[PDB]
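Everything on this sheet refers to the single structure shown next.
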4 protein chains.
Amino acid sequence: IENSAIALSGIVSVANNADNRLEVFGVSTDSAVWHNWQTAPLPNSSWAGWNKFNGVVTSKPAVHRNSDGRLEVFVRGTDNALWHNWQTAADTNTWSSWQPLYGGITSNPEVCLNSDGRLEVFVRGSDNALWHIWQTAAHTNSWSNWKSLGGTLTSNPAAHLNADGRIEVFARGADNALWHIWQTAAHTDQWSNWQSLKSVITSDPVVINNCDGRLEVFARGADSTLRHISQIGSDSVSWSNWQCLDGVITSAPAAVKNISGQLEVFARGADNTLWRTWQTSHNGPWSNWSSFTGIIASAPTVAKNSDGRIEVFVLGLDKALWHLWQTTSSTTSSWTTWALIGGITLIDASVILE
Amino acid sequence: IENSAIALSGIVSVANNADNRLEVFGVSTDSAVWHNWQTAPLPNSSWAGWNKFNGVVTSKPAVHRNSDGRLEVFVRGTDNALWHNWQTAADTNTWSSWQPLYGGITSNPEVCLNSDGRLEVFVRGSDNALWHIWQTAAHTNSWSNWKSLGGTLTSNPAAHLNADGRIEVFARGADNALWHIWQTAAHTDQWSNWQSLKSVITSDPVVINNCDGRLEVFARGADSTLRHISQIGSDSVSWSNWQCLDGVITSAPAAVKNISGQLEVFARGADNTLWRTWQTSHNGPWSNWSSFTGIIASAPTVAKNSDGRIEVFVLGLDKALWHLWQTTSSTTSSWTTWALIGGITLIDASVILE
Amino acid sequence: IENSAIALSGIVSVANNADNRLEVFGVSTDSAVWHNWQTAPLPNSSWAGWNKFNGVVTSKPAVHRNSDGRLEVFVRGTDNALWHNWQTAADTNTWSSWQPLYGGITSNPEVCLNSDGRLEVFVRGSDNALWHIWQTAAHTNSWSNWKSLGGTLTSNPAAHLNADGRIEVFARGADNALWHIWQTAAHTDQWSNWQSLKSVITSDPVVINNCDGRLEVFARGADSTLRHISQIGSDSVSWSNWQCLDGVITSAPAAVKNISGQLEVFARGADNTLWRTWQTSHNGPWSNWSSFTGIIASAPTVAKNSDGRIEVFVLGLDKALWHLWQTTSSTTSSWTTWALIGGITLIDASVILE
Amino acid sequence: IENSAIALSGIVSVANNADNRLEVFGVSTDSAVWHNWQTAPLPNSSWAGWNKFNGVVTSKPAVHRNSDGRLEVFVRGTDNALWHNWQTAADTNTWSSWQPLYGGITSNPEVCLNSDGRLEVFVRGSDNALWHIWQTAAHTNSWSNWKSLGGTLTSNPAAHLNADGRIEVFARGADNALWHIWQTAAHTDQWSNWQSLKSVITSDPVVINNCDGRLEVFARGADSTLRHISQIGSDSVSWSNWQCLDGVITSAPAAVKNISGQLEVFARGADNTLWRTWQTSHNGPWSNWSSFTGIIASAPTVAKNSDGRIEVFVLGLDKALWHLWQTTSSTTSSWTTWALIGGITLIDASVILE
Ligand SMILES: C[C@@H]1O[C@H](O)[C@@H](O)[C@H](O)[C@@H]1O
Ligand SMILES: C[C@@H]1O[C@H](O)[C@@H](O)[C@H](O)[C@@H]1O
Ligand SMILES: C[C@@H]1O[C@H](O)[C@@H](O)[C@H](O)[C@@H]1O
Ligand SMILES: C[C@@H]1O[C@H](O)[C@@H](O)[C@H](O)[C@@H]1O
Ligand SMILES: C[C@@H]1O[C@H](O)[C@@H](O)[C@H](O)[C@@H]1O
Ligand SMILES: C[C@@H]1O[C@H](O)[C@@H](O)[C@H](O)[C@@H]1O
Ligand SMILES: C[C@@H]1O[C@H](O)[C@@H](O)[C@H](O)[C@@H]1O
Ligand SMILES: C[C@@H]1O[C@H](O)[C@@H](O)[C@H](O)[C@@H]1O
Ligand SMILES: C[C@@H]1O[C@H](O)[C@@H](O)[C@H](O)[C@@H]1O
Ligand SMILES: C[C@@H]1O[C@H](O)[C@@H](O)[C@H](O)[C@@H]1O
Ligand SMILES: C[C@@H]1O[C@H](O)[C@@H](O)[C@H](O)[C@@H]1O
Ligand SMILES: C[C@@H]1O[C@H](O)[C@@H](O)[C@H](O)[C@@H]1O
């Protein structure tokens with residue numbers, strides 16, 4: 001592969017409502033965001049049906065739950081600015097409609113919830129730097145001015161909280177390596193300088209926390225295999241060496257922590273089916289990749305239900321949304337086969353970065 | 001000690017608001033519930049001042065955050081029934097005032113949030129059985145009728161979610177041993193039979209989840225030392241043997257999981273000071289107890305701030321509330337000395353069980 | 001129990017030959033040491049038959065393999081001095097007969113192999129202090145003079161190597177607590193002062209190393225339950241708190257590390273049957289005790305065969321030696337039932353310490 | 001690199017004597033084996049001086065300690081047959097001189113000690129299959145006839161015991177992948193079929209056991225980085241996926257388990273200096289490679305001293321043997337700088353496999 005490739009992304013963004021019902025957000029052929037939700041917080045639930053938000057959008061939507069349980073969606077508009085819309089009350093299907101946050105956006109938006117309850121949004125700006133904007137009070141439609149964190153980005157940003165409440169942001173840099181920058185005090189506008197984690201990545205970075213607190217980062221490497229790196233101390237400075245796992249993947253990875261505390265990674269494999277690998281013991285070795293039947297046309301998007309069961313969403317060859325899930329709350333559970341969440345077809349609205 | 005002793009309890013109940021500010025609830029000499037909160041979600045924050053809820057109460061208050069971020073407090077009233085009051089909006093100091101849930105209550109109330117967003121309350125009833133009542137919709141003032149789970153209780157109940165979303169309830173039985181009962185499917189009114197975990201306990205049980213998912217239970221034993229037992233499988237049936245730790249304790253324990261994923265336990269020690277022990281490695285051996293300066297007159301109540309720092313509340317010999325906290329987000333952090341949260345004096349309103 | 005009780009000991013000492021065949025040493029009704037060995041290094045092997053060493057002895061024999069593979073046995077003689085005899089070549093049943101090491105001995109002897117290949121023997125002397133004597137060259141019948149390490153002993157000593165090659169010795173002191181003393185440099189006559197590990201023990205201490213390097217010590221406590229303590233650092237100074245396991249035991253424990261690296265403990269239980277407990281995960285919680293059919297009249301002595309399978313020796317009610325073993329090299333293996341190693345009856349020749 | 005490359009090997013074979021003194025074996029410019037030993041079992045000991053064994057050899061020597069403590073060396077002779085010579089007594093510098101074992105050898109010999117005390121030798125034969133021969137009684141100069149295990153080898157074989165006593169042998173196959181074959185019962189001539197572990201390796205395999213029992217295998221991969229794979233069950237069939245570590249290495253790796261039970265790997269790095277990586281926690285992530293000053297001309301050979309301290313041997317640019325070691329028995333110890341073990345120069349006598 002080209003060292004500047006960005007692997008295929010997931011086709012929807014997912015969130016858990018305040019009652020843990022899953023709700024998915026995607027872009028249809030009308031260039032509008034449509035959403036659909038479980039009617040009860042279990043993977044075998046029926047889904048409500050696809051519902052449209054009026055308005056044309058020009059990026060993949062990002063969704064996050066506010067600290068008062070209301071979902072809020074962020075998306076680039078036809079004016080290349082940032083727009084958002086929110087549930088007006090937790091677990092209710094009444095939304096505010098799109099409202100402006102301005103700026104000039106050249107990536108998909110990324111959203112993170114600070115540990116003091118304030119949402120914060122990260123984007124690549126018109127100068128290819130990292131910019132951000134935040135709620136000035138928890139779960140309130142009152143936002144800061146736009147501010148730059150500098151750098152040069154060549155991927156979408158990925159943000160995650162450290163165990164001590166400090167946001168850390170990861171992104172590919174101008175040298176195609178993974179860089180990162182972090183708050184030096186929790187939920188405060190005081191940030192480090194940019195630092196390189198060195199390698200070469202060919203996907204957006206994917207970040208998860210392990211049970212020990214520590215962040216782990218997953219990405220596709222230059223040889224098209226999964227690689228990963230982890231924090232080895234109590235700060236954002238001390239990291240392991242990179243490790244790669246054998247097996248060519250053809251999409252971004254998606255990572256999840258199962259209810260036994262072990263990590264699992266899902267990715268589209270070299271044969272265009274869904275592949276899965278899991279840690280066999282704590283911090284442990286990784287299993288050989290296992291394959292699920294069925295050709296898929298996007299990266300997976302992963303979520304967990306109220307009972308811990310993992311559920312995976314993909315685009316099918318018919319350009320509709322399919323999903324499968326674990327049959328039991330159990331690391332060795334069998335899985336269902338792909339089922340259709342029918343009613344619309346989806347397009348990949350991800351911002352083209354070059 | 002007597003095998004039917006119940007060790008001294010904590011003097012306040014604490015919760016984190018939606019923005020993670022700590023808020024404490026206690027009973028003053030007027031037999032009313034008073035509360036106080038941090039003005040910002042950090043341990044060195046100033047506190048707002050003690051504010052009264054009108055109404056006379058006859059138990060320790062229990063508090064839990066709803067899935068929409070609103071705090072809700074439960075307490076026994078002068079009529080021996082259950083009463084509750086709630087924040088009318090997340091992170092706001094406007095409350096509903098006490099509203100009735102009826103029933104007949106002979107213990108302190110215990111509250112648990114189901115993984116489908118519904119609060120559920122557990123109490124000992126007038127027949128000494130375990131009774132419960134629940135929200136019929138997530139974060140809504142719409143409640144079920146009272147229902148019995150049977151048994152015979154001689155302690156307050158303690159409830160916790162398993163990793164798969166099933167509530168499990170622990171309580172001392174008529175033989176002074178620890179018993180438990182559990183949902184057999186997550187957030188459903190389908191329950192097991194009562195089963196004994198065998199020993200003899202002389203405090204209320206204290207339950208926490210470890211990073212591996214598994215529940216761990218802590219209690220004082222018949223020889224006045226801390227003992228503990230843990231789940232060793234993926235279900236509620238398979239448990240370890242009990243282990244005891246040397247050192248006489250003179251209150252209920254309080255347990256917390258620090259931001260490195262290790263467990264710590266706090267208790268009033270044999271010299272009436274606060275003692276602390278921590279796991280030195282994963283699942284590991286426990287440290288010798290360490291002592292903090294200062295005589296204390298209750299069990300500790302423990303909480304974590306937005307930046308991970310642990311904070312401990314106790315009754316002082318002056319009958320006021322004192323607290324101390326970690327200076328840094330770090331397992332080996334030093335601690336502050338006791339500081340006063342002045343303005344009222346507190347009484348122990350715990351229901352007397354015999 | 002009395003705080004100065006010493007629990008019942010094992011009836012034989014066992015060693016692995018250079019080819020890993022098990023060989024057992026015990027004292028018969030003629031007050032002579034007799035031995036018997038496997039004919040091949042597997043638990044289902046036939047045994048050779050009981051063979052006598054000429055000479056009357058007055059303690060339990062201790063056996064250790066030299067660094068050149070020759071077994072060597074140590075025992076107190078009718079003159080209260082230390083005697084030894086050795087295989088004249090590895091894996092051969094030709095022995096030297098008893099030869100004198102003099103001194104005055106008031107405990108059973110304890111033997112440890114230094115990491116420079118020299119045997120070293122620890123005993124309580126006529127002044128109740130700890131004394132020792134060592135080979136001055138590896139696997140050579142050339143010994144030092146007797147030297148005192150001081151202290152006051154009220155149990156037999158137990159010695160074990162730390163991971164860095166320093167011998168550490170454990171023994172009950174005059175206050176019935178567990179004390180210890182250690183080499184400050186590996187395989188050198190340079191020793192620490194005595195230090196207390198505090199509790200009260202009612203058996204000889206039993207010491208094993210875990211996979212992490214660290215020593216763990218097991219003993220019966222004042223309430224007749226198993227207790228244990230472990231090193232938590234890289235030196236001999238830093239230890240955990242003591243923990244107890246529920247369940248009354250009526251003999252010394254015996255500990256072994258199974259081939260998955262987890263610890264298992266065997267002891268005679270409160271019903272006079274053999275009980276077993278194992279660590280369920282690394283450093284983990286301990287299982288409930290499991291019982292084997294059959295009344296036993298000594299503590300267990302445990303060993304491992306060439307294929308990893310655990311084998312347990314006990315005195316039966318007929319005063320003969322019985323054993324059972326794992327059917328497969330596997331932590332969850334089933335076990336055989338007791339089988340007789342017939343031909344002599346055994347007596348407990350342990351030195352009476354008070 | 002070429003997929004059929006075999007990376008540069010270590011220049012000496014090392015063993016611990018019965019008293020744990022290190023002794024090294026290498027080939028000098030006269031094509032004879034010379035050896036040198038520590039005079040005391042500590043890394044700062046003086047060495048005795050280089051001593052010659054008479055006889056011309058045509059492979060790297062392999063050395064193993066017998067179960068009676070006597071070292072024994074194996075080497076290919078001028079007739080392409082296998083020869084051996086042994087210490088006539090443990091810890092003594094009197095040797096038997098070279099004695100014939102016949103056969104026809106096309107690799108370096110590899111030696112393994114069965115858990116019943118019998119040495120067993122593995123070689124590639126004249127038909128490129130794996131052949132072996134064994135002692136028919138423990139630590140005795142009585143050997144079996146040569147027997148074939150089949151296969152097709154394109155590297156030297158590497159043998160290691162599983163925790164249950166079964167020998168397992170690893171070697172590169174005709175497809176440049178790593179293959180293996182194993183005893184199906186401990187120390188018995190009953191073997192599995194050959195099975196592939198799949199990848200492509202460009203060094204001999206290096207095998208070590210972890211504390212959990214399980215084997216781990218390290219090799220250089222097709223992209224010249226270190227890769228590794230581990231057993232994930234209790235048998236020889238169940239393995240993890242392969243993982244690679246970033247960093248180009250230019251020699252075979254050498255692995256050792258330090259006294260805290262963690263693995264460390266040493267290799268010549270891309271800048272021709274010695275590099276080291278270690279596991280930061282159990283099973284854990286690996287550290288970034290650290291470099292030692294000094295250009296080296298072979299792979300490292302690693303050993304541990306009687307006090308646990310790691311010591312590393314390499315060929316220097318002057319064609320002599322150099323070594324360095326840890327200053328303390330401690331995972332975070334500093335290291336010495338290279339010191340010369342002077343008196344002869346060494347050649348790489350490894351059999352050229354293509
Ligand atoms: C998402 C928003 O939808 C509106 O209808 C458009 O007019 C805005 O430019 C923006 O794209
Ligand atoms: C997000 C920011 O919006 C502003 O309007 C621009 O001037 C910046 O370059 C950046 O794109
Ligand atoms: C993953 C899905 O598998 C199914 O069999 C197909 O019918 C869909 O188009 C989709 O590709
Ligand atoms: C908490 C409630 O306060 C009210 O004022 C009382 O009248 C009720 O009985 C109840 O105790
Ligand atoms: C909580 C329950 O309230 C009801 O009114 C009573 O009849 C029950 O015994 C129980 O006390
Ligand atoms: C824990 C507290 O320590 C302080 O020194 C005392 O003044 C208080 O009364 C309280 O007992
Ligand atoms: C073990 C030794 O056996 C000999 O026969 C005795 O004469 C010695 O005193 C000693 O007891
Ligand atoms: C083992 C030692 O033997 C010597 O002969 C005695 O004088 C000492 O007290 C001690 O008993
Ligand atoms: C442990 C053994 O169990 C057997 O059944 C008995 O016959 C023996 O006497 C011995 O007590
Ligand atoms: C190692 C042996 O040395 C002897 O001197 C030679 O004659 C043999 O062929 C063999 O090489
Ligand atoms: C080691 C074996 O030696 C024998 O003499 C040969 O016939 C075989 O091919 C093999 O090389
Ligand atoms: C590793 C060694 O480092 C030293 O500085 C050099 O003098 C030697 O030749 C050798 O290369």
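In the structure tokens, chains take letters A, B, ... by order of appearance, with residues numbered from 1 within each chain and ligands from 1 in the order shown.
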
With 7 Å as the limit and counting only C-alpha atoms, what residues in chain A lie close to chain B? Please list them as a short mmCIF file (atom, residue, chain, number, x, y, z; two decimals) with N, CA, C and O atoms, in the first residue's frame.
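And here's out.cif as it stands now:
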data_model
loop_
_atom_site.label_atom_id
_atom_site.label_comp_id
_atom_site.auth_asym_id
_atom_site.auth_seq_id
_atom_site.Cartn_x
_atom_site.Cartn_y
_atom_site.Cartn_z
N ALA A 18 -29.37 6.91 27.04
CA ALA A 18 -29.27 6.88 28.49
C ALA A 18 -29.74 5.56 29.07
O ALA A 18 -29.22 5.11 30.09
N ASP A 19 -30.70 4.91 28.40
CA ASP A 19 -31.17 3.60 28.81
C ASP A 19 -30.44 2.46 28.15
O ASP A 19 -30.88 1.30 28.26
N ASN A 20 -29.34 2.75 27.45
CA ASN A 20 -28.43 1.84 26.77
C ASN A 20 -28.96 1.26 25.46
O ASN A 20 -28.23 0.52 24.82
N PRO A 41 -33.17 -2.39 24.95
CA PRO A 41 -31.69 -2.47 24.95
C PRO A 41 -31.16 -3.89 24.96
O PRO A 41 -30.40 -4.31 25.85
N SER A 67 -23.48 14.37 29.33
CA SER A 67 -23.50 13.88 30.71
C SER A 67 -24.88 13.88 31.36
O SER A 67 -25.01 13.31 32.45
N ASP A 68 -25.89 14.45 30.73
CA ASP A 68 -27.27 14.36 31.15
C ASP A 68 -28.07 13.33 30.31
O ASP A 68 -29.30 13.36 30.32
N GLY A 69 -27.38 12.50 29.57
CA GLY A 69 -27.97 11.41 28.81
C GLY A 69 -28.50 11.74 27.43
O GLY A 69 -28.95 10.82 26.72
N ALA A 90 -33.41 13.12 27.36
CA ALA A 90 -32.83 11.78 27.31
C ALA A 90 -33.88 10.77 26.87
O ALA A 90 -35.04 10.85 27.27
N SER A 115 -14.16 14.77 31.79
CA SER A 115 -14.64 14.17 33.03
C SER A 115 -15.32 15.15 33.94
O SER A 115 -15.78 14.75 35.02
N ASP A 116 -15.47 16.40 33.52
CA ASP A 116 -16.31 17.37 34.21
C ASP A 116 -17.62 17.62 33.45
O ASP A 116 -18.33 18.61 33.69
N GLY A 117 -17.94 16.72 32.55
CA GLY A 117 -19.23 16.66 31.89
C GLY A 117 -19.37 17.52 30.65
O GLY A 117 -20.48 17.60 30.12
N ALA A 138 -21.30 22.02 31.62
CA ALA A 138 -21.66 20.63 31.34
C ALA A 138 -23.07 20.56 30.72
O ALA A 138 -24.01 21.21 31.19
N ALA A 163 -7.03 7.73 32.32
CA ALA A 163 -7.72 7.34 33.55
C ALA A 163 -7.81 8.48 34.53
O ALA A 163 -8.69 8.49 35.40
N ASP A 164 -6.88 9.43 34.46
CA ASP A 164 -6.88 10.58 35.34
C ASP A 164 -7.65 11.77 34.78
O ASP A 164 -7.55 12.87 35.32
N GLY A 165 -8.41 11.58 33.71
CA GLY A 165 -9.29 12.62 33.20
C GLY A 165 -8.69 13.54 32.16
O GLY A 165 -9.38 14.44 31.67
N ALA A 186 -6.42 17.61 34.03
CA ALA A 186 -7.72 17.12 33.57
C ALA A 186 -8.70 18.25 33.28
O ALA A 186 -8.85 19.18 34.08
N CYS A 211 -8.08 -2.28 31.37
CA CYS A 211 -8.54 -2.27 32.77
C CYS A 211 -7.52 -1.61 33.70
O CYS A 211 -7.89 -0.89 34.63
N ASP A 212 -6.22 -1.79 33.42
CA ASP A 212 -5.13 -1.18 34.19
C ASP A 212 -5.12 0.37 34.11
O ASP A 212 -4.21 1.00 34.66
N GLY A 213 -6.08 1.00 33.40
CA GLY A 213 -6.10 2.43 33.11
C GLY A 213 -5.52 2.83 31.75
O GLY A 213 -6.00 3.79 31.13
N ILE A 259 -16.64 -8.09 28.45
CA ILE A 259 -17.03 -7.92 29.85
C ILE A 259 -16.13 -8.67 30.81
O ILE A 259 -16.26 -8.50 32.03
N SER A 260 -15.20 -9.48 30.31
CA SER A 260 -14.12 -10.04 31.11
C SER A 260 -12.91 -9.16 31.15
O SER A 260 -11.90 -9.55 31.73
N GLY A 261 -12.99 -7.97 30.59
CA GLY A 261 -11.88 -7.07 30.64
C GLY A 261 -10.82 -7.29 29.59
O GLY A 261 -9.79 -6.63 29.64
N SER A 306 -26.86 -3.58 26.67
CA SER A 306 -27.03 -3.40 28.11
C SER A 306 -26.61 -4.63 28.88
O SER A 306 -26.29 -4.52 30.07
N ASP A 307 -26.63 -5.80 28.25
CA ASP A 307 -26.24 -7.04 28.91
C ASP A 307 -24.83 -7.47 28.57
O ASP A 307 -24.46 -8.60 28.88
N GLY A 308 -24.02 -6.58 28.00
CA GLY A 308 -22.63 -6.84 27.69
C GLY A 308 -22.37 -7.44 26.32
O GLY A 308 -21.20 -7.52 25.92
N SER A 329 -23.90 -13.52 26.81
CA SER A 329 -22.92 -12.64 27.47
C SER A 329 -21.77 -13.50 27.96
O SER A 329 -21.69 -13.90 29.12
#

Residues at most 12 Å from residue 324 of chain D, counting only C-alpha atoms, excluding those fewer than 2 positions away in the same chain, as number ranges by chain? D: 43-44, 274, 292-294, 300-304, 309-315, 321-322, 326-327, 334-341

Those same residues, written as a PDB file, in the first residue's frame with C-alpha atoms?
ATOM      1  CA  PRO D  43      30.087 -12.387  36.718  1.00  0.00           C
ATOM      2  CA  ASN D  44      33.084 -10.415  38.099  1.00  0.00           C
ATOM      3  CA  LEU D 274      23.747  -5.063  20.968  1.00  0.00           C
ATOM      4  CA  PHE D 292      24.695  -0.873  24.300  1.00  0.00           C
ATOM      5  CA  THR D 293      27.837   0.903  23.138  1.00  0.00           C
ATOM      6  CA  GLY D 294      30.116  -1.145  20.890  1.00  0.00           C
ATOM      7  CA  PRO D 300      24.677 -12.565  21.525  1.00  0.00           C
ATOM      8  CA  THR D 301      24.844 -15.657  23.702  1.00  0.00           C
ATOM      9  CA  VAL D 302      23.134 -15.088  27.041  1.00  0.00           C
ATOM     10  CA  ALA D 303      23.515 -16.815  30.382  1.00  0.00           C
ATOM     11  CA  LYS D 304      22.622 -16.330  34.052  1.00  0.00           C
ATOM     12  CA  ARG D 309      22.684 -11.728  37.053  1.00  0.00           C
ATOM     13  CA  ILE D 310      22.508 -11.859  33.263  1.00  0.00           C
ATOM     14  CA  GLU D 311      25.741 -12.037  31.282  1.00  0.00           C
ATOM     15  CA  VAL D 312      26.124 -11.623  27.527  1.00  0.00           C
ATOM     16  CA  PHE D 313      28.893 -12.935  25.239  1.00  0.00           C
ATOM     17  CA  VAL D 314      29.707 -11.667  21.754  1.00  0.00           C
ATOM     18  CA  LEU D 315      32.436 -11.686  19.140  1.00  0.00           C
ATOM     19  CA  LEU D 321      35.305 -12.914  22.923  1.00  0.00           C
ATOM     20  CA  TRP D 322      33.827 -10.034  24.909  1.00  0.00           C
ATOM     21  CA  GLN D 326      24.336  -6.712  35.113  1.00  0.00           C
ATOM     22  CA  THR D 327      25.836  -4.946  38.093  1.00  0.00           C
ATOM     23  CA  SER D 334      22.829  -0.911  35.170  1.00  0.00           C
ATOM     24  CA  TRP D 335      25.269  -2.885  33.031  1.00  0.00           C
ATOM     25  CA  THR D 336      29.032  -3.015  32.688  1.00  0.00           C
ATOM     26  CA  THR D 337      30.795  -2.169  29.448  1.00  0.00           C
ATOM     27  CA  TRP D 338      32.340  -4.823  27.244  1.00  0.00           C
ATOM     28  CA  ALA D 339      35.321  -6.656  28.759  1.00  0.00           C
ATOM     29  CA  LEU D 340      37.699  -8.949  26.911  1.00  0.00           C
ATOM     30  CA  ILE D 341      38.147 -12.665  27.625  1.00  0.00           C
TER      31      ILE D 341
END

To one decimal in Å, tell me the separation between atom CA of residue 100 of chain B and atom CA of residue 29 of chain B.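 Atom-to-atom, atom CA of residue 100 of chain B and atom CA of residue 29 of chain B are spaced 23.1 Å apart.
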
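Between atom CA of residue 238 of chain C and atom CA of residue 159 of chain C the interatomic distance comes to 17.8 Å.
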
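Using only C-alpha atoms, the nearest neighbour of residue 219 of chain A within the list A:190, A:250, A:36, A:144 is A:250.
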
Just want the residues within 6 Å of ligand 8, written as a PDB file with N, CA and C atoms, in the first residue's frame, counting only C-alpha atoms and all ligand atoms.
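Below you can see selection-v7.pdb, which holds the result:
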ATOM      1  N   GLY C 103      28.194 -31.944  66.627  1.00  0.00           N
ATOM      2  CA  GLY C 103      27.248 -30.967  67.132  1.00  0.00           C
ATOM      3  C   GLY C 103      26.253 -31.548  68.118  1.00  0.00           C
ATOM      4  N   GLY C 104      25.382 -30.669  68.580  1.00  0.00           N
ATOM      5  CA  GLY C 104      24.297 -31.043  69.463  1.00  0.00           C
ATOM      6  C   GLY C 104      22.991 -30.469  68.953  1.00  0.00           C
ATOM      7  N   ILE C 105      22.029 -31.336  68.633  1.00  0.00           N
ATOM      8  CA  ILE C 105      20.872 -31.043  67.788  1.00  0.00           C
ATOM      9  C   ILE C 105      19.621 -31.198  68.626  1.00  0.00           C
ATOM     10  N   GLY C 125      20.089 -25.732  67.978  1.00  0.00           N
ATOM     11  CA  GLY C 125      21.124 -26.259  68.817  1.00  0.00           C
ATOM     12  C   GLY C 125      20.707 -26.429  70.271  1.00  0.00           C
ATOM     13  N   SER C 126      21.707 -26.815  71.065  1.00  0.00           N
ATOM     14  CA  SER C 126      21.470 -27.136  72.477  1.00  0.00           C
ATOM     15  C   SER C 126      21.144 -25.899  73.300  1.00  0.00           C
ATOM     16  N   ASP C 127      21.471 -24.712  72.795  1.00  0.00           N
ATOM     17  CA  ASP C 127      21.089 -23.443  73.380  1.00  0.00           C
ATOM     18  C   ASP C 127      19.842 -22.820  72.765  1.00  0.00           C
ATOM     19  N   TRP C 131      21.741 -22.963  64.371  1.00  0.00           N
ATOM     20  CA  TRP C 131      23.111 -23.275  64.000  1.00  0.00           C
ATOM     21  C   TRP C 131      23.125 -23.807  62.575  1.00  0.00           C
TER      22      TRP C 131
END

Can you pull out every residue with an atom within 12 Å of ligand 5? Use only C-alpha atoms and all ligand atoms and format it as an MDAnalysis selection string. chainID B and resid 76 79:83 101:109 121:133 144:150

As a quick test: using only C-alpha atoms and all ligand atoms, which residues lie no more than 6 Å away from ligand 6? Give them as a ChimeraX atom specification. /B:294-296,316-318,338

Could the residues in this selection be saved with N, CA, C and O atoms as a PDB file, in the first residue's frame?
ATOM      1  N   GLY B 294      -5.456  10.860  63.500  1.00  0.00           N
ATOM      2  CA  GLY B 294      -6.773  11.429  63.830  1.00  0.00           C
ATOM      3  C   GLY B 294      -7.793  10.379  64.221  1.00  0.00           C
ATOM      4  O   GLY B 294      -8.031   9.401  63.513  1.00  0.00           O
ATOM      5  N   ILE B 295      -8.406  10.584  65.390  1.00  0.00           N
ATOM      6  CA  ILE B 295      -9.490   9.708  65.845  1.00  0.00           C
ATOM      7  C   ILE B 295     -10.741  10.022  65.041  1.00  0.00           C
ATOM      8  O   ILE B 295     -11.052  11.191  64.811  1.00  0.00           O
ATOM      9  N   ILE B 296     -11.479   8.977  64.631  1.00  0.00           N
ATOM     10  CA  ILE B 296     -12.667   9.126  63.804  1.00  0.00           C
ATOM     11  C   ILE B 296     -13.785   8.375  64.495  1.00  0.00           C
ATOM     12  O   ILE B 296     -13.557   7.462  65.297  1.00  0.00           O
ATOM     13  N   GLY B 316     -16.080  13.318  62.775  1.00  0.00           N
ATOM     14  CA  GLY B 316     -15.033  13.617  63.729  1.00  0.00           C
ATOM     15  C   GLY B 316     -15.561  13.579  65.161  1.00  0.00           C
ATOM     16  O   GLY B 316     -16.743  13.411  65.424  1.00  0.00           O
ATOM     17  N   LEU B 317     -14.646  13.701  66.128  1.00  0.00           N
ATOM     18  CA  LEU B 317     -15.081  13.700  67.524  1.00  0.00           C
ATOM     19  C   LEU B 317     -15.914  14.917  67.888  1.00  0.00           C
ATOM     20  O   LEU B 317     -16.659  14.864  68.864  1.00  0.00           O
ATOM     21  N   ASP B 318     -15.824  15.986  67.108  1.00  0.00           N
ATOM     22  CA  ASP B 318     -16.680  17.138  67.280  1.00  0.00           C
ATOM     23  C   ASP B 318     -18.061  16.953  66.647  1.00  0.00           C
ATOM     24  O   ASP B 318     -18.844  17.900  66.639  1.00  0.00           O
ATOM     25  N   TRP B 338      -6.848  15.716  57.721  1.00  0.00           N
ATOM     26  CA  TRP B 338      -8.280  15.973  57.838  1.00  0.00           C
ATOM     27  C   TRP B 338      -8.591  17.462  57.793  1.00  0.00           C
ATOM     28  O   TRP B 338      -7.978  18.257  58.506  1.00  0.00           O
TER      29      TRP B 338
END
